[PDB]
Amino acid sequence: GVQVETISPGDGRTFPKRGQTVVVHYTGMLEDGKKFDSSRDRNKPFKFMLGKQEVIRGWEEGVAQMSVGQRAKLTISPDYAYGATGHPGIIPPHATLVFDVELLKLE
């Protein structure tokens, strides 16, 4: 599944809702901490629509349990990420993923 561990607090009250555009910054790491992607390095907030399944399951469920302004660590099992196959060239087989996510805004 996905485990969400708080890093810095949000408002404790405003959570993503189905159909909202969710705006975050993130860094993605393999289980051992090897960074593979970051919106921060691009200086480009990342947006996805909750419930559209355009991001992995661990994001759908993990970011939805964050409140606006929160920074949190999401630890995502392979079955909530890219599974047995992974995504060749960046996500290896059966990879547990760790994301450092900040929920910036809902629009």
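Don't overthink the numbering: it's just position in the shown sequence, from 1. We call the rigid core the largest set of C-alpha positions that still match within 1.5 Å between the two forms.
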Practice problem: Consider 29-37 and 44-52 separately and indicate which one has Cα atoms farther, on average, from the shown form in 6 other deposited structures of this protein after rigid core alignment. | Solution: 29-37
Practice problem: Taking the mean of the C-alpha B-factors per stretch from the entry, tell me the winner out of 69-77 and 39-47. | Solution: 39-47
Quiz item: By its CA B factor, does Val2 count among the lowest, middle or highest third of the modelled residues in the chain?
Solution: lowest
Practice problem: Ordered by C-alpha B-factor within the chain, which third holds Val23? Give me lowest, middle or highest, please. | Solution: middle
Quiz item: Sorting the chain's CA B-factors, does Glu31 end up in the lowest, middle or highest third?
Solution: highest
Practice problem: State the tercile, meaning the lowest, middle or highest third, of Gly86 with respect to the CA B-factors recorded for its chain. | Solution: middle
